[PDB]
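This report refers to the structure that appears directly beneath it.
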Amino acid sequence: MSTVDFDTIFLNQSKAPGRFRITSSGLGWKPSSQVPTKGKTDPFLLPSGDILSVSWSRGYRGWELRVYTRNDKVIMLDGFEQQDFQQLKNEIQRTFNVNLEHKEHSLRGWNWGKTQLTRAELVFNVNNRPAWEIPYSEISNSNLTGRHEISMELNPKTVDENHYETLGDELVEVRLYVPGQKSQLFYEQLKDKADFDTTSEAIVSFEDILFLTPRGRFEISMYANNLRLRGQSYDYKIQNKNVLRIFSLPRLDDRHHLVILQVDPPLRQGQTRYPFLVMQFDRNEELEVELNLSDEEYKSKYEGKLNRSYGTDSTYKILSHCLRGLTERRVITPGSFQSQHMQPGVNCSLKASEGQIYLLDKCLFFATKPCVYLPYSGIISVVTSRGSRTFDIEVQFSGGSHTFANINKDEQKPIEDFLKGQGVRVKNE
Amino acid sequence: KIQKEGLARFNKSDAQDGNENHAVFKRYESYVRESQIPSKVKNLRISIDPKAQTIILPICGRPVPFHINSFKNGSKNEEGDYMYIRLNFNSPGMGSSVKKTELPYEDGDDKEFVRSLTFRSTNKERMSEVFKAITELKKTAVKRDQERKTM
């Protein structure tokens, strides 16, 4: 029985070369024993019955043999020479009765084309030729980020007990622009074919929340590991780990309440970034909410962190408690600072933007686009300058200075005494 | 006098023959043949060809060329042990300052576009050099196109 073998072949972009073998039982690949690869030394084996079709094309390391399986998986074998094509074609035809297809790829350098959802891979065609293909197994998540914009996140190739170390620069995110009234249907079809986790059970949803940064009526759906923001034009998925801080701050109008999320990495809308999400509630808005949790899961994971049912209390309180319970982040409320007018903050302008400055126990926080967070540990000195019924506050820190202008002069003494109490160096010109 | 002069200069036949300035796609191409891809490209990494004015990107084990004229702008972010590069390409909606007469892509309502690709790498220094070289290649391309237009 003529076993045909190829040395120096790589499996799925493996860093280590291996020996590839064709047998009547199937395909085999084994890593070459010369590299200390912390990693199972077990041979990869693909049964002959699982092979659907095989394509030949140009890879990074020479020629690539791409094997399509009946289980909708794509196997990539790279490192072949151009001469190997005739031998491989004859052996694959003889052993598996499968034609080896030669697939030519577009080299034009154009970023426009047509996407084509094939059974196991997303194909991008440029002038009726494939430019690139992404296996559905490499897609981690997909999210509509624009009436015509689809963002695909790819599985980060890090450390998994079942995968060979990858060598090179890794693709993390692909954004497509699909014009016409069409991107929503493409997103639905991609979701069905990529087989993403289904029957998702949001623990709690909040409808029609009016944001300010960016301004929009978003639905907030909360899950065990992640928060989803659904909007008319943009869907966002935020992991609970990426929420750094939660602020719950009353607006000085005494009619509204602000809930502010600090997110790292900052949310993107096209080119603009939102490190802070600013939600605006009415103080008189009451909501009753039951958590969608089984009694066994509630007792084991969420007892003492979340209430099973929230009565008819203010929406911003319920939301702040749910965020605290799911993200394990402390909610920052207004500190011991009280303005001359007994208010929890002061009106000021940062450059051309009018807003409110909150002196919280650990930090100064400005709450109008752009949102500014300044921890007292990072502040070198605060300089009070005369512009006047108003005065200006320059906060100096290791990364620059921020001038807050148009502050009422009556608020000068309360602010100075509070900042001195927090151990901040105040200088009066 | 000018009303009649204009009525004589412009006839209804010239109006029928409307030379619509359909945007003239400036045809560019990175490579005609796979043999033109440099032998250097083999480490599954981002590489730049200044001769072909092309950025070669590692998409799922394939060396995908992108011409510098399809490239718009990019950003670089450092995150823990990794360096991220986002490359943005020309698409309608996120359009460049170019006039309606010359598009960097061919007109097409049914055409879908690669708007951005984000890559990561453990090697921060090289990834910073690659980003600088992409930015320099774009500056040289824009300068040559301005010089051509002035000539």
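Labels for the structure tokens follow display order: chains A, B, ..., residues from 1 in each chain, ligands from 1.
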Near-residue 354 of chain A list (12 Å; only C-alpha atoms; drop same-chain fewer than 3 positions) as a ChimeraX atom specification: /A:346-351,357,366-371,404-407
Dump C-alpha atoms for the selected residues as a CSV table (one decimal), in the first residue's frame?
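To be explicit, this is the file written out as result_33.csv:
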chain,number,residue,atom,x,y,z
A,346,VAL,CA,-21.7,72.8,40.4
A,347,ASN,CA,-22.4,74.3,37.0
A,348,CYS,CA,-19.3,75.0,34.9
A,349,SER,CA,-18.0,75.1,31.3
A,350,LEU,CA,-15.1,72.9,30.0
A,351,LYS,CA,-14.0,74.8,26.9
A,357,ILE,CA,-18.8,69.1,38.0
A,366,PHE,CA,-17.5,66.2,34.8
A,367,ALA,CA,-20.7,64.8,33.3
A,368,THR,CA,-21.3,66.5,29.9
A,369,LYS,CA,-19.6,65.5,26.5
A,370,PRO,CA,-16.8,65.2,26.8
A,371,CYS,CA,-17.0,63.3,30.1
A,404,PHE,CA,-13.2,74.6,34.2
A,405,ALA,CA,-14.6,78.1,33.5
A,406,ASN,CA,-17.7,80.2,34.5
A,407,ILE,CA,-18.1,78.8,38.1
Residue 125 of chain B surroundings by only C-alpha atoms, 12 Å radius, close-in-sequence under 3 positions cut, as a list in words: residues 76, 78, 81, 82, 83, 84, 121, 122, 128, 129, 130, 131 and 132 of chain B
C-alpha atoms of the current selection, written as a compact mmCIF listing (two decimals), in the first residue's frame:
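File written: selection_7.txt
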# COMPACT_ATOMS: atom_id res chain seq x y z
CA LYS B 76 -2.59 51.81 16.35
CA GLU B 78 -1.22 49.15 22.62
CA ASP B 81 1.39 42.34 25.59
CA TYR B 82 -0.26 42.98 22.18
CA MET B 83 -0.23 45.84 19.67
CA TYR B 84 -3.38 46.39 17.60
CA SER B 121 0.74 41.22 17.24
CA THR B 122 2.96 40.43 20.27
CA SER B 128 4.86 50.34 14.94
CA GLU B 129 7.40 50.33 12.02
CA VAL B 130 4.86 48.64 9.68
CA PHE B 131 2.28 51.33 10.57
CA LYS B 132 4.85 54.12 9.88
Residues of chain B near chain A: apply a cut-off of 8 Å, count only C-alpha atoms, and supply the list as a VMD selection string. chain B and resid 28 to 34 41 to 46 54 58 to 67 70 89 to 91 105 109 to 121
Long-range neighbours of residue 96 of chain A as a list in words, 10 Å cut-off, only C-alpha atoms, 2 positions minimum in chain: residues 22, 23, 24, 25, 26, 48, 49, 51, 52, 53, 91, 92, 93, 94, 98 and 99 of chain A
For those residues, write N, CA, C and O atoms to a file as a PDB file, in the first residue's frame.
ATOM      1  N   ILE A  22      -1.227  10.645   3.603  1.00  0.00           N
ATOM      2  CA  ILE A  22      -2.471  10.188   2.986  1.00  0.00           C
ATOM      3  C   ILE A  22      -2.534   8.662   3.102  1.00  0.00           C
ATOM      4  O   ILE A  22      -1.614   7.953   2.684  1.00  0.00           O
ATOM      5  N   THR A  23      -3.615   8.150   3.689  1.00  0.00           N
ATOM      6  CA  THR A  23      -3.891   6.715   3.814  1.00  0.00           C
ATOM      7  C   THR A  23      -5.315   6.411   3.353  1.00  0.00           C
ATOM      8  O   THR A  23      -6.172   7.286   3.303  1.00  0.00           O
ATOM      9  N   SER A  24      -5.609   5.145   3.053  1.00  0.00           N
ATOM     10  CA  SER A  24      -6.969   4.718   2.686  1.00  0.00           C
ATOM     11  C   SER A  24      -7.996   4.969   3.798  1.00  0.00           C
ATOM     12  O   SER A  24      -9.184   5.123   3.525  1.00  0.00           O
ATOM     13  N   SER A  25      -7.547   5.016   5.055  1.00  0.00           N
ATOM     14  CA  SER A  25      -8.385   5.352   6.208  1.00  0.00           C
ATOM     15  C   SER A  25      -8.683   6.851   6.336  1.00  0.00           C
ATOM     16  O   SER A  25      -9.622   7.203   7.043  1.00  0.00           O
ATOM     17  N   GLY A  26      -7.909   7.737   5.695  1.00  0.00           N
ATOM     18  CA  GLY A  26      -8.072   9.183   5.836  1.00  0.00           C
ATOM     19  C   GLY A  26      -6.778   9.991   5.705  1.00  0.00           C
ATOM     20  O   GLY A  26      -5.773   9.530   5.167  1.00  0.00           O
ATOM     21  N   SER A  48     -11.604   9.279   6.150  1.00  0.00           N
ATOM     22  CA  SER A  48     -11.960   9.413   4.729  1.00  0.00           C
ATOM     23  C   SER A  48     -13.441   9.745   4.501  1.00  0.00           C
ATOM     24  O   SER A  48     -13.760  10.505   3.589  1.00  0.00           O
ATOM     25  N   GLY A  49     -14.339   9.227   5.345  1.00  0.00           N
ATOM     26  CA  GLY A  49     -15.783   9.477   5.262  1.00  0.00           C
ATOM     27  C   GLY A  49     -16.195  10.926   5.530  1.00  0.00           C
ATOM     28  O   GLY A  49     -17.250  11.349   5.057  1.00  0.00           O
ATOM     29  N   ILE A  51     -14.428  13.650   4.508  1.00  0.00           N
ATOM     30  CA  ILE A  51     -13.947  14.513   3.426  1.00  0.00           C
ATOM     31  C   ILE A  51     -15.087  14.746   2.424  1.00  0.00           C
ATOM     32  O   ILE A  51     -15.665  13.798   1.888  1.00  0.00           O
ATOM     33  N   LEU A  52     -15.429  16.013   2.181  1.00  0.00           N
ATOM     34  CA  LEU A  52     -16.439  16.410   1.196  1.00  0.00           C
ATOM     35  C   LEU A  52     -15.792  16.855  -0.119  1.00  0.00           C
ATOM     36  O   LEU A  52     -16.099  16.311  -1.177  1.00  0.00           O
ATOM     37  N   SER A  53     -14.894  17.833  -0.052  1.00  0.00           N
ATOM     38  CA  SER A  53     -14.197  18.385  -1.212  1.00  0.00           C
ATOM     39  C   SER A  53     -12.836  18.940  -0.802  1.00  0.00           C
ATOM     40  O   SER A  53     -12.574  19.190   0.379  1.00  0.00           O
ATOM     41  N   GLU A  91      -3.340  11.094  -6.038  1.00  0.00           N
ATOM     42  CA  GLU A  91      -3.558  10.339  -4.797  1.00  0.00           C
ATOM     43  C   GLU A  91      -4.917  10.616  -4.142  1.00  0.00           C
ATOM     44  O   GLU A  91      -5.582   9.676  -3.703  1.00  0.00           O
ATOM     45  N   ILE A  92      -5.371  11.874  -4.107  1.00  0.00           N
ATOM     46  CA  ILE A  92      -6.692  12.241  -3.571  1.00  0.00           C
ATOM     47  C   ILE A  92      -7.799  11.636  -4.442  1.00  0.00           C
ATOM     48  O   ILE A  92      -8.734  11.035  -3.908  1.00  0.00           O
ATOM     49  N   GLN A  93      -7.659  11.709  -5.772  1.00  0.00           N
ATOM     50  CA  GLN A  93      -8.612  11.092  -6.695  1.00  0.00           C
ATOM     51  C   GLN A  93      -8.661   9.573  -6.513  1.00  0.00           C
ATOM     52  O   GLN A  93      -9.738   8.986  -6.448  1.00  0.00           O
ATOM     53  N   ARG A  94      -7.497   8.925  -6.406  1.00  0.00           N
ATOM     54  CA  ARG A  94      -7.392   7.469  -6.241  1.00  0.00           C
ATOM     55  C   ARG A  94      -7.938   6.985  -4.896  1.00  0.00           C
ATOM     56  O   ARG A  94      -8.547   5.920  -4.848  1.00  0.00           O
ATOM     57  N   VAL A  98     -12.323  12.122  -4.851  1.00  0.00           N
ATOM     58  CA  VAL A  98     -12.612  13.560  -4.772  1.00  0.00           C
ATOM     59  C   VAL A  98     -11.708  14.318  -5.743  1.00  0.00           C
ATOM     60  O   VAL A  98     -10.491  14.139  -5.722  1.00  0.00           O
ATOM     61  N   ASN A  99     -12.294  15.205  -6.551  1.00  0.00           N
ATOM     62  CA  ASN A  99     -11.532  16.073  -7.445  1.00  0.00           C
ATOM     63  C   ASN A  99     -10.804  17.172  -6.657  1.00  0.00           C
ATOM     64  O   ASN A  99     -11.416  17.877  -5.857  1.00  0.00           O
TER      65      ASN A  99
END
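Taking atom CA of residue 90 of chain A as the reference point, atom CA of residue 67 of chain A is found at 15.7 Å.
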Residues near residue 419 of chain A, anyone? I mean within 9 Å using only C-alpha atoms, not counting same-chain ones fewer than 5 positions away, as a tab-separated table (two decimals) with N, CA, C and O atoms, in the first residue's frame.
chain	number	residue	atom	x	y	z
A	359	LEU	N	-17.78	66.80	42.77
A	359	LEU	CA	-16.67	66.54	43.68
A	359	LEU	C	-17.02	65.31	44.53
A	359	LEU	O	-17.70	65.41	45.54
A	376	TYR	N	-8.21	61.98	42.48
A	376	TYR	CA	-7.40	62.88	43.31
A	376	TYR	C	-5.93	62.44	43.43
A	376	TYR	O	-5.05	63.29	43.46
A	382	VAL	N	-4.41	72.22	42.01
A	382	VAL	CA	-5.56	72.97	41.49
A	382	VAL	C	-5.27	74.45	41.64
A	382	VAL	O	-4.96	74.90	42.74
A	414	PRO	N	-16.46	76.63	49.42
A	414	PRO	CA	-16.82	75.22	49.59
A	414	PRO	C	-15.92	74.27	48.79
A	414	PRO	O	-15.49	73.24	49.31
A	424	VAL	N	-5.65	67.59	48.29
A	424	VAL	CA	-5.25	68.21	47.02
A	424	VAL	C	-4.62	69.59	47.27
A	424	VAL	O	-5.16	70.41	48.01
A	425	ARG	N	-3.49	69.88	46.62
A	425	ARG	CA	-2.82	71.19	46.73
A	425	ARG	C	-3.58	72.26	45.95
A	425	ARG	O	-3.56	72.25	44.73
A	426	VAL	N	-4.20	73.20	46.66
A	426	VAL	CA	-4.90	74.36	46.06
A	426	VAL	C	-4.00	75.60	46.08
A	426	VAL	O	-3.47	75.96	47.13
Skipping near chain neighbours, those fewer than 3 positions away, what residues fall within 12 Å of residue 137 of chain B using only C-alpha atoms, listed as number ranges by chain? B: 48-55, 67-69, 71-73, 130-134, 140-144
Saved selection, atoms kept: N, CA and C atoms, as a short mmCIF file (atom, residue, chain, number, x, y, z; two decimals), in the first residue's frame:
data_model
loop_
_atom_site.label_atom_id
_atom_site.label_comp_id
_atom_site.auth_asym_id
_atom_site.auth_seq_id
_atom_site.Cartn_x
_atom_site.Cartn_y
_atom_site.Cartn_z
N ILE B 48 4.69 45.12 3.38
CA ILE B 48 4.45 46.26 2.51
C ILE B 48 5.35 46.09 1.29
N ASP B 49 4.77 46.25 0.11
CA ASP B 49 5.51 46.34 -1.14
C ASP B 49 5.45 47.77 -1.69
N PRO B 50 6.53 48.56 -1.52
CA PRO B 50 6.61 49.91 -2.07
C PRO B 50 6.60 49.95 -3.60
N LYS B 51 7.06 48.88 -4.29
CA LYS B 51 7.13 48.84 -5.76
C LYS B 51 5.73 48.74 -6.36
N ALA B 52 4.94 47.78 -5.89
CA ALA B 52 3.55 47.59 -6.28
C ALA B 52 2.56 48.49 -5.51
N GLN B 53 3.08 49.42 -4.70
CA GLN B 53 2.20 50.30 -3.86
C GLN B 53 1.10 49.43 -3.24
N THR B 54 1.47 48.43 -2.44
CA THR B 54 0.50 47.46 -1.92
C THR B 54 0.82 47.04 -0.50
N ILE B 55 -0.22 46.93 0.32
CA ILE B 55 -0.19 46.37 1.67
C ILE B 55 -0.66 44.92 1.58
N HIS B 67 -4.28 47.61 -2.41
CA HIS B 67 -3.57 48.72 -3.03
C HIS B 67 -3.65 49.99 -2.16
N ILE B 68 -2.63 50.84 -2.16
CA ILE B 68 -2.61 52.05 -1.30
C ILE B 68 -3.76 53.04 -1.60
N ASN B 69 -4.31 52.99 -2.81
CA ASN B 69 -5.47 53.79 -3.20
C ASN B 69 -6.79 53.30 -2.59
N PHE B 71 -6.74 51.98 0.53
CA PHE B 71 -6.49 52.39 1.91
C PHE B 71 -6.82 53.87 2.17
N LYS B 72 -7.60 54.13 3.24
CA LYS B 72 -7.98 55.47 3.68
C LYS B 72 -7.04 56.00 4.76
N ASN B 73 -7.11 55.36 5.94
CA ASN B 73 -6.27 55.75 7.10
C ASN B 73 -6.29 54.60 8.12
N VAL B 130 5.80 48.97 10.76
CA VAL B 130 4.86 48.64 9.68
C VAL B 130 3.82 49.75 9.52
N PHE B 131 3.24 50.23 10.62
CA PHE B 131 2.28 51.33 10.57
C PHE B 131 2.88 52.62 10.00
N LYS B 132 4.11 52.96 10.41
CA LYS B 132 4.85 54.12 9.88
C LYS B 132 5.07 53.99 8.37
N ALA B 133 5.52 52.82 7.91
CA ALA B 133 5.76 52.55 6.50
C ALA B 133 4.47 52.60 5.65
N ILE B 134 3.33 52.11 6.15
CA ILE B 134 2.02 52.27 5.48
C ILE B 134 1.66 53.75 5.34
N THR B 140 3.49 59.45 0.10
CA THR B 140 4.19 59.44 -1.20
C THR B 140 3.21 59.28 -2.36
N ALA B 141 2.20 58.41 -2.24
CA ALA B 141 1.17 58.24 -3.26
C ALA B 141 0.35 59.52 -3.47
N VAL B 142 -0.12 60.16 -2.39
CA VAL B 142 -0.88 61.42 -2.46
C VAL B 142 -0.05 62.55 -3.07
N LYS B 143 1.22 62.67 -2.67
CA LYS B 143 2.14 63.67 -3.23
C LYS B 143 2.33 63.48 -4.74
N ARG B 144 2.55 62.24 -5.20
CA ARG B 144 2.69 61.92 -6.63
C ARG B 144 1.41 62.23 -7.42
#
Between atom CA of residue 38 of chain B and atom CA of residue 29 of chain A, what distance in Å does the model show, to one decimal? 28.5 Å
